[PDB]
């Protein structure tokens, strides 16, 4: 009977298509590649949906974060496709906001809600991610500290690894 004006919930594999569509415009149209392809989105939403969060407006996904657990201090090429159940780090594989909903605090609201959501899970002691140099200041606003160049390479893109103690 009703499509909520705003809904925040963990994602399930049924949201994979919506997530990938956002990635097409958000990442692929810019650099030619993206953090998670359809199969990879489904992988993490199957293994660890509790490590994801999505913002729905009138029944449509407008922002998401997909993560998994990592168990090493630094991110590695292999960590891109792995979920370490025994790990203590919430690895945010991707964060994006639908192009028609940016610049209005949605990314910041979703990120803070995410940090509190996963930080609330006794097992998660830290959050890690990588971003392009221009987003470093942004993440620092949430308690993330620049942790040097990330070892992970994607095409010609280089990233700074960011760590947040929870």
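Residue numbers count along the first chain shown, from 1. Superpose the two forms; the largest set of C-alphas matching within 1.5 Å is the rigid core.
A.B. asks: Any chance you could tell me whether 25-33 or 113-121 drifts more in 5 other deposited structures of this protein, judged by RMS CA distance from this form after superposing on the core?
C.D. replies: Higher average C-alpha offset in 5 other deposited structures of this protein goes to 25-33.
A.B. asks: How do 139-147 and 16-24 compare in 5 other deposited structures of this protein: which one has C-alphas farther from this form after the rigid core is matched?
C.D. replies: Farther from the shown form on average in 5 other deposited structures of this protein: 16-24.
A.B. asks: Comparing 11-19 with 151-159, which stretch shows the greater average C-alpha B-factor in the deposited entry?
C.D. replies: So the stretch with the higher mean C-alpha B-factor is 151-159.
A.B. asks: Mind pulling up the entry and telling me whether 91-99 or 78-86 has the higher mean Cα temperature factor?
C.D. replies: It is 78-86 that shows the higher mean C-alpha B-factor.
A.B. asks: Between 125, 43, 106, 113, which carries the biggest CA temperature factor in the record?
C.D. replies: Comparing C-alpha B-factors across 125, 43, 106, 113, the top value belongs to 125.
A.B. asks: Name the residue from 68, 121, 37, 140 with the greatest C-alpha temperature factor listed in the entry.
C.D. replies: Most elevated C-alpha B-factor of the set, per the entry: 121.
A.B. asks: Using only modelled residues of the chain, where does the Cα B factor of residue 49 rank: lowest third, middle third or highest third?
C.D. replies: Middle third by C-alpha B-factor.
A.B. asks: Please say which third, lowest, middle or highest, residue 63 falls into when its CA temperature factor is compared across its chain.
C.D. replies: Within its chain, residue 63 is a lowest-third residue by C-alpha B-factor, going by the deposited values.
A.B. asks: Going by the recorded CA B-factors, say which third of the chain residue 129 sits in, lowest, middle or highest.
C.D. replies: Within its chain, residue 129 is a lowest-third residue by C-alpha B-factor, going by the deposited values.
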